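Let's start with one chain on its own, the form deposited in one PDB entry, as structure tokens.
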């Protein structure tokens, strides 16, 4: 029933402006810093100078620490509906952070990656390819990535089944890639993104390992995906309260990953998606 929310639903423009105002006030007065990402040795590991992970929630890598690898990746944990670390929101890896991306995926036991960008968008590099191609395994440091299968779920979503081998162990990792997110604006409808989230959840199954979600910066589109999944988990567990607030969910996300849900158009798209889920 609380899905009441629809009965309650320029309003959205004002609401997004309030999210921006509140999150900016929190950056200024709250426990919020970017010390690690600004260290000289880490600056080159950031795709964008204005996107640094907050120290408070940053992903601290330990895999291969004994072999001298740094703890740093541009990525943050985001809490899920049970208060556990349910998402890792990170950037699209650079040539020199590919190895770190796989350390992240391996260390935290990630089963599903959601990628919400293309390698190149409108003539600009946005993400390095970290997956293998047909009959062309990819060696990245000590990781060997093999392509087992590729499947288009619909015209906008690719599913890759990967075999990832490290230190004599092989794991299955599924990667879902959204293939048509526009350079300006948002998708024509929420349907195919919802299909992506639905499939990710089937592949994830039970168990606490985080979903790995990324776009190019790891902010806007990434925050849309994490929020849609968070709200869908509330819905499926019958835990939408009568005072459910999408505003509060997005604001909370913004305190964990910088600029989670970056634009008014993204916020409106998220509203459209949630309304559709609520029927």
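Residue numbers count along the first chain shown, from 1.
There is another form of the same protein, the form solved in complex with a partner chain; it is not shown, and what comes next is about it.
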Would you mind picking out the stretch of 100 to 108, 82 to 90, 200 to 208, 176 to 184 that comes within 4.5 angstroms of its partner chain in the deposited bound form, counting non-hydrogen atoms? 176 to 184
In the deposited bound form, is there a heavy atom of its partner chain that lies within 4.5 Å of any heavy atom of residue 48, even though the partner is absent here? yes
Contact label in the deposited bound form: residue 219 to its partner chain, heavy atom within 4.5 Å: yes
Could you tell me if residue 12 has a non-hydrogen atom within 4.5 Å of its partner chain in the deposited bound form? no
So in the deposited bound form, does any heavy atom of residue 262 sit within 4.5 Å of its partner chain? yes
